[PDB]
Amino acid sequence: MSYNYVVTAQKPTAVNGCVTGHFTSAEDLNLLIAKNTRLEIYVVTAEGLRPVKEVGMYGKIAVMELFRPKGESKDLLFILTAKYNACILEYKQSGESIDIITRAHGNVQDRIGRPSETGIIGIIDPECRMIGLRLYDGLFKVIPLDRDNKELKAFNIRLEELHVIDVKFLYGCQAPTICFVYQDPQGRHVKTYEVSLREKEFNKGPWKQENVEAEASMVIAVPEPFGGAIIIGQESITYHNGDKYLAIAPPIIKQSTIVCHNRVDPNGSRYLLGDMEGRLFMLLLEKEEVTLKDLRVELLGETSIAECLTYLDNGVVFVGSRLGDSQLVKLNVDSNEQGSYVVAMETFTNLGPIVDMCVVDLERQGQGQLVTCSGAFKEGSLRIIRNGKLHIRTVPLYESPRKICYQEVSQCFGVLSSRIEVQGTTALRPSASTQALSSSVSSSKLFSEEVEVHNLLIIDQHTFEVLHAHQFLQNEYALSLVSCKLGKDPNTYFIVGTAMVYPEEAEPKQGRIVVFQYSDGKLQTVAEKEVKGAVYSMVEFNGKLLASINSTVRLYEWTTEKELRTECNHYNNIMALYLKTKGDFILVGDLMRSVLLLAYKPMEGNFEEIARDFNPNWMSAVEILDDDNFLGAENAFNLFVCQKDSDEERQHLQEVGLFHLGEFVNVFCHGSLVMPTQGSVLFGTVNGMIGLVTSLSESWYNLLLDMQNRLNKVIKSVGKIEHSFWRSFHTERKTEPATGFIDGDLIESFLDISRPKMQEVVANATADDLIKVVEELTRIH
Amino acid sequence: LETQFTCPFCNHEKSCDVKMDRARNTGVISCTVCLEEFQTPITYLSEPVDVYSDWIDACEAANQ
Amino acid sequence: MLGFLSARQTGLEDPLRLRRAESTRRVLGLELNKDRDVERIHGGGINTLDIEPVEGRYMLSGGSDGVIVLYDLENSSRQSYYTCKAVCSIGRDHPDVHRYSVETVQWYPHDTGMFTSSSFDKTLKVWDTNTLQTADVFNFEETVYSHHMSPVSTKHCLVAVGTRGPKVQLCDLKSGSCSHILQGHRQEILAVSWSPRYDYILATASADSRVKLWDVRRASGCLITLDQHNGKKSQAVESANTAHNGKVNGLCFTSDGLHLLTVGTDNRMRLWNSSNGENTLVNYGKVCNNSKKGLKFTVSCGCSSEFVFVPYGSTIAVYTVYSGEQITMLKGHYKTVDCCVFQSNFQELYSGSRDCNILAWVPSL
Amino acid sequence: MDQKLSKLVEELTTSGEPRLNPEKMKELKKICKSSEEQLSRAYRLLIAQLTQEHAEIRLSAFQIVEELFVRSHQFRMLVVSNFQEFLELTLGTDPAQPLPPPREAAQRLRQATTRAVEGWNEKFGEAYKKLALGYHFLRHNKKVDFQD
Ligand SMILES: [Zn+2]
């Protein structure tokens with residue numbers, strides 16, 4: 001059995017939800033921001049935001065909504081976790097002490113059910129008579145609130161429409177009325193029901209179903225003066241009240257789909273709307289003496305790519321982003337002479353989707369340094385991270401970075417990047433690839449709306465300026481990058497694996513491996529090799545190039561002629577997406593077969609499948625910890641450690657460790673951010689968390705385990721969620737308890753308790769010894 | 001002599017029908033329920049009992 | 001698909017999106033297996049297959065010759081080409097072998113240490129998988145057409161058995177009580193299936209052209225009788241309210257258990273709201289079946305769109321459950337296909353037919 | 001270029017000769033090697049002939065099919081695509097679809113197709129597992145005497 005210690009080096013930074021209201025006090029205007037596991041409570045002051053609390057939920061917050069039941073002095077907060085832990089929380093401040101008391105809690109996971117495509121939806125009746133959850137197709141779970149529960153007993157109402165896009169509660173309805181857009185083979189239609197808690201079933205809605213736009217994707221419940229709802233689609237905005245049918249098709253919203261909204265006024269006379277391209281629009285409801293007269297949309301300006309947004313007051317809008325830095329912007333009454341009324345007041349750092357990252361000992365110290373490809377289309381950037389607290393630099397690229405590698409000899413970073421051109425083609429903005437000192441385009445003899453143009457950026461590792469930007473072939477996606485010297489020649493090369501992407505196919509049939517050399521400030525194409533598929537991953541393997549074309553993991557040798565020559569192939573993969581190496585061994589992360597311990601036997605010259613895990617885990621990343629431990633990340637936000645067992649049963653890798661991280665790990669890398677534990681594997685996630693995995697010894701792990709159980713007995717979670725449940729390995733077809741992994745955050749929380757609670761933890765050595773142990777554990781990050 | 005027989009495979013009574021193709025000297029016995037089929041040579045003296053006989057014999061021989 | 005990987009890495013799309021989209025794409029690319037084979041041991045047609053619900057590794061197969069073969073589906077060899085070897089076998093030399101055709105075999109849910117097999121020899125045998133010896137036997141006065149254990153019951157462990165008698169038997173594997181019966185059918189009960197959603201809900205399809213849903217805890221007969229027309233042709237319930245215009249010889253709850261797929265000998269498949277038995281009027285066209293016994297067909301799991309794989313002559317017809325659109329015909333069998341079982345982990349299919357073959361269909365590429 | 005091909009195939013099959021006349025068969029070989037779609041056009045010609053009611057014509061069509069099978073690989077993929085119907089039309093496995101007259105030509109068709117299927121199982125069985133399935137089905141389910 002394996003022994004692993006996971007700890008959060010950097011807490012998640014991507015905001016997946018933001019709600020405003022009066023949570024802390026009846027007079028305070030609170031901003032509650034849900035970063036993946038962290039709930040941050042700020043008080044909206046006249047300027048900026050004053051953090052009042054930051055709690056760590058044992059759960060990925062999928063829903064976060066504030067509601068005020070009748071007779072309640074201040075808002076209660078409903079949080080649903082991705083593992084379906086529901087909790088109603090109240091803020092209770094006793095002088096200096098701050099407590100988030102769990103007014104109610106429960107688990108609303110149905111044992112069976114297809115999780116809905118559009119994701120978990122959570123809504124609350126505007127009069128706070130119930131909570132409506134859309135977790136599974138064909139069902140609509142209802143948690144009554146008038147029946148004051150402490151267990152959140154819920155009941156499912158069967159919903160005849162099986163593909164529901166969005167759903168809201170309508171305003172000004174005597175009965176709880178849901179209005180939802182759903183997809184059937186005839187098209188997309190908006191329908192209404194009136195939920196009955198007594199009969200526990202739907203009833204005919206106030207107004208019948210109406211056929212809406214093909215991409216009608218958003219429902220906005222308008223307040224009482226207008227009533228009804230507004231449906232936002234890709235091309236049009238419609239407003240329904242049962243007999244009022246207003247419609248507009250503003251050409252300015254056609255270019256990008258609207259993905260978020262928020263109500264500015266209490267009466268809904270104005271709404272904010274963010275698109276995926278970052279544009280912020282104001283949708284205005286013009287009243288007539290009340291009914292609704294006409295709809296207008298005006299482009300306020302541009303912000304970060306907003307996952308969510310919330311109007312606080314005084315023209316201040318919090319734009320919470322998953323793909324870039326969150327923003328606190330000001331909506332001026334008058335334009336800024338560039339057609340934009342939006343002005344950024346503050347920026348909150350967000351390590352966006354950390355797609356790739358490399359540890360570099362830059363400045364020739366003994367300290368590691370993480371250079372991470374963070375963010376996405378317009379918010380893409382490089383982030384440089386050191387221990388100083390964690391200091392984070394930012395190098396805006398204005399295009400999505402995909403891969404990064406460090407070439408120490410050339411004193412530069414090779415960064416794969418991708419930008420969107422609309423039309424032959426035109427760039428939507430000046431991106432880092434276009435702003436290089438020098439530039440080049442591939443002229444390859446091998447091959448002969450909006451499109452993605454992929455580039456290799458050579459970036460100076462002192463000033464982080466784009467020394468060079470080599471654009472790839474038309475419709476060519478660069479997938480992999482490795483900086484290594486092959487064969488026996490001394491030159492160090494940037495080797496880029498690519499794929500030819502056309503709309504007519506689902507899997508690339510064409511691709512090439514291009515060997516560049518960066519010298520004299522120029523990127524010469526040293527070599528090429530047409531291959532018959534997408535080169536998803538490449539790695540240097542004992543001076544050779546181990547690549548993974550669609551399903552084949554094959555090895556190329558660098559000849560004296562400076563060309564790549566195949567030496568061996570392995571075909572027993574669905575798609576070998578991830579490749580790692582230690583010695584003669586290779587670890588192949590597969591799309592859904594999840595690992596394969598391969599070995600290159602040099603005495604013969606082919607691969608040998610040493611072992612495999614036959615559990616169907618869908619992979620996101622993979623790493624090699626020890627000679628016989630293999631870390632892997634599943635797409636269901638789990639870590640698992642496989643071990644070469646000890647006949648044909650020897651070919652079975654045994655999952656000796658399981659853990660639910662709650663984060664989508666995108667990349668592993670050996671290294672540490674500092675100057676007792678064996679090894680150090682940093683990992684980067686989609687929500688921005690950077691974590692760290694280390695191997696422990698047996699007795700120490702047992703002692704730590706004991707501490708984890710004791711703390712679970714002592715420390716009380718916010719939603720009364722059991723820590724073992726939160727860290728239980730979870731997949732749609734499997735559920736196991738955590739084994740072989742110590743939650744470093746929980747252990748490090750041992751410092752943040754008072755001495756009587758420590759003595760409670762250490763009832764059966766002394767507390768000071770364990771304080772020393774946890775301090776030493778904190779030293780590694 | 002009955003013409004409908006219990007099937008040795010599914011034990012359904014009178015579920016087996018016998019077809020005598022005399023022109024080709026072949027008898028075909030087929031169960032309606034489990035769709036098991038068997039073909040044997042036949043002579044002009046043969047009867048459905050003989051075809052069912054050859055089927056039972058073939059079953060017992062193959063099951064050794 | 002590189003778009004799918006990019007969206008997953010960048011967090012644009014939930015990994016759920018890539019997982020279910022790729023599962024659907026794999027199912028659509030189902031084809032005769034290029035490098036896979038299944039060992040042939042049945043002397044007669046395979047009437048039933050069952051891959052174990054946990055770990056999806058081992059497969060049971062009951063043949064018309066009465067033998068039960070236990071296969072390992074994992075490629076424990078290093079080659080890309082492998083044969084699904086037979087681990088165990090209730091052969092003709094076993095002391096407890098079924099004397100006639102095995103018509104249904106089912107792994108015990110929640111644990112692979114036990115399975116069950118019902119035969120036309122009027123027996124439902126419960127086998128210990130380790131020792132491979134009959135742990136129990138239930139004898140019936142009339143031949144068994146089908147049986148099913150609840151895939152959900154942590155509380156009860158009842159086996160619902162449909163024989164040529166008009167009564168649905170409920171055999172308690174907890175202390176052996178086969179006395180419980182359900183009254184309300186009139187001819188042979190050709191199919192039975194527990195709801196995957198509700199613990200005590202059992203759907204039974206019989207040759208009287210009727211499908212009944214029972215709450216086995218209840219004392220008042222069936223809950224719902226499925227009606228083609230939902231009330232257009234309404235009559236006092238003595239012979240009306242038929243699910244099909246022939247024998248209803250196959251049942252299958254969808255993956256979520258909110259709908260029920262019934263296939264009958266009127267060359268029709270129908271989809272029913274499992275909560276009130278209302279016909280959803282999904283067409284499916286003409287689904288050729290003339291089987292005089294139960295027809296075993298399965299639905300897909302863990303995909304963007306649910307699929308149903310129905311034996312269609314000597315082929316497998318793949319339909320979209322909620323639209324009825326015909327996906328394809330898997331065409332590799334030489335005689336009528338008796339059963340198909342779906343491996344949900346890798347979107348694979350295993351079909352047994354009268355030609356003494358178990359054919360594996362794998363996604364291409 | 002379909003007219004001459006339909007012609008040549010027609011004189012080859014309708015003649016009823018005991019053995020394939022060599023030079024026009026060589027013309028068929030050349031002009032079938034010419035193009036792949038036209039090779040498959042010859043395959044449709046053979047299939048349409050094989051359904052038609054005469055044992056000698058079916059014999060000629062089957063012997064052409066065997067020539068292309070032993071001579072072409074895409075032909076092997078194309079014919080294994082519907083080997084079930086190929087066996088139904090050659091071997092007369094289904095009692096509801098026996099072989100036309102005359103009896104001598106039908107017997108020669110049975111012998112020739114049994115031996116050709118044996119050769120195909122030996123030579124291309126591993127590359128086409130569906131051919132292995134068909135051979136196994138013939139050898140046990142239909143109990144075809146390969147020693148006859
Ligand atoms: Zn029979």
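Order of listing sets the numbers, starting from 1, for every ligand and every atom in it. In the text below, chain A, chain B and the rest are named by the order of the sequence lines, each starting its count at 1. Worth knowing before you read on, the calculation uses all heavy atoms, side chains too, and leaves out hydrogens, waters and symmetry mates.
- Residues C:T83 and C:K85 have side chains that bring a donor and an acceptor to within less than 3.5 angstrom of each other.
- Ring-plane geometry between C:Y284 and C:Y319 is classed as perpendicular, the angle between the planes exceeding 60 degrees on a 0 to 90 degree scale with a lower cut at 30.
- Using a 3.5 Å distance cut-off with no hydrogens or angles, the side chains of C:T104 and C:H148 do not pair a donor with an acceptor.
- With no hydrogens or angles considered, a side-chain donor-acceptor pair links D:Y135 and D:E118 at under 3.5 Å.
- Within the protein, the number of N, O or S atoms lying under 2.8 Å from the Zn ion (ligand 1) is 4.
- Under 4.0 Å is where a charged nitrogen must lie from a carboxylate oxygen, and between C:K296 and C:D338 no such pair does.
- Between the side chains of C:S351 and C:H333, no donor N or O sits under 3.5 Å from an acceptor N or O.
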